[PDB]
Amino acid sequence: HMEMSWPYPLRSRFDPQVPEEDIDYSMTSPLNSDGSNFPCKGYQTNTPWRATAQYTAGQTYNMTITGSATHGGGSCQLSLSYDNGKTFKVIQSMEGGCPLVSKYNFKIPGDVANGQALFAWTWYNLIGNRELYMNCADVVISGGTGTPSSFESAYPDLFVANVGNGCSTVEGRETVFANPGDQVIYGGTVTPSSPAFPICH
Ligand SMILES: *[C@@H]1O[C@H](CO)[C@@H](O)[C@H](O)[C@H]1NC(C)=O
């Protein structure tokens, strides 16, 4: 039962600009098991475009995660989409121990693309039902040397499981991504030597 509290995601209770009627007061719910609200609970399609962060390529920022239960930790990614959620590319993986701290730093790579993006937090809980948690924020990127094409070629695809796609996490096993990218935080029982798990086809 956690949600992204900074930068403010779509329909966030924490964002003063969201009209009372549009706030998702149950944002800590996991994504639907059948994939019917993947990605971003579908909010990228039906919410006004309004940036809640301005990110400069090469600079470091923090995001925050807030809630009432950490389900023993797990693994997260932070990702960017330049096509309003058709494709997500990973800029940081937190393998193990996520979210046992409520603040993570991350560097925006130099070769990101510029303009409107979605910034997505994904979380795979360690203990309990096999869920995916996902919130997306509208953000604007500046000062990158990439294009959406060069960025999409150079970075890993978002790890997607527990949304009815034949790929599942496994209770009691740390989620260690096959493709984590070069910006990795290790926590819980995961080390740089831990094998990738699960393996999806
Ligand atoms: C870090 O997060 C806090 C919210 O906890 C926010 O006010 C601040 O602007 C963020 N700073 C950076 C550099 O991202």
Side-chain angles (χ1 to χ4, degrees), residues 1-20 22-30 39-41 43-44 47-82 84-85 88-125 133-146 148 151 154-156 158 177 180-188:
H1 304 78
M2 301 298 280
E3 70 188 278
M4 181 164 67
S5 48
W6 190 271
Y8 305 138
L10 296 167
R11 302 183 181 250
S12 176
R13 74 174 92 229
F14 297 109
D15 184 350
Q17 296 293 318
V18 175
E20 167 69 3
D22 296 332
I23 292 162
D24 183 353
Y25 279 108
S26 306
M27 186 83 77
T28 59
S29 294
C40 303
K41 299 170 180 283
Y43 297 156
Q44 77 284 6
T47 307
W49 216 85
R50 181 176 45 76
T52 65
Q54 295 279 343
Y55 295 140
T56 302
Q59 302 243 90
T60 295
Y61 298 92
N62 59 199
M63 56 85 62
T64 70
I65 301 166
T66 300
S68 57
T70 61
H71 287 299
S75 295
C76 303
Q77 293 186 309
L78 304 175
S79 63
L80 289 169
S81 178
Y82 290 92
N84 201 44
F88 280 94
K89 305 307 298 197
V90 177
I91 63 168
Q92 181 161 287
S93 293
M94 299 93 94
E95 296 182 315
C98 194
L100 300 181
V101 299
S102 282
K103 188 162 298 235
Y104 288 95
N105 293 324
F106 61 93
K107 180 181 235 171
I108 303 288
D111 62 343
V112 295
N114 300 315
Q116 295 179 342
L118 292 179
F119 175 83
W121 163 72
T122 48
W123 171 41
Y124 296 96
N125 57 304
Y133 295 79
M134 189 176 191
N135 310 157
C136 304
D138 287 349
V139 306
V140 173
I141 312 298
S142 305
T145 63
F151 178 71
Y155 283 82
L158 184 72
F177 308 113
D182 297 334
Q183 186 174 216
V184 187
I185 300 181
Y186 299 93

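The residues of the chain are indexed from 1 along the displayed sequence. Just so you know, ligand 1 is whichever comes first in the structure, and atom 1 is the first atom listed for that ligand.
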Atom indices of ligand 1 within 4.0 angstrom of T64 heavy atoms, with elements:
5 (O)
For the pair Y61 and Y55, name the ring-plane relationship: parallel under 30°, tilted 30 to 60°, perpendicular over 60°.
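Ring orientation of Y61 relative to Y55: tilted.
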So is there a nitrogen or oxygen of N62 less than 3.5 Å from a nitrogen or oxygen in ligand 1?
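Yes.
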Compute the shortest N/O to N/O distance between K103 and ligand 1 and return yes if it is under 3.5 Å, no if not.
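Yes, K103 has an N/O under 3.5 Å of an N/O on ligand 1.
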Is it true that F106 and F119 have ring centroids separated by less than 6.0 Å?
yes
Once side chain to side chain contact (heavy atoms under 4.5 Å, CB included) is applied, do any residues pair with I23, and if so which ones, sequence neighbours excluded?
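Applying side chain to side chain contact (heavy atoms under 4.5 Å, CB included) to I23 gives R13, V18, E20, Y25.
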Which residue supplies the protein heavy atom nearest to atom 9 (O) of ligand 1, what is that atom called, and how far is it?
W6 CZ2, 3.7 Å
Are side-chain heavy atoms of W123 and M2 found at a separation under 4.5 Å?
yes
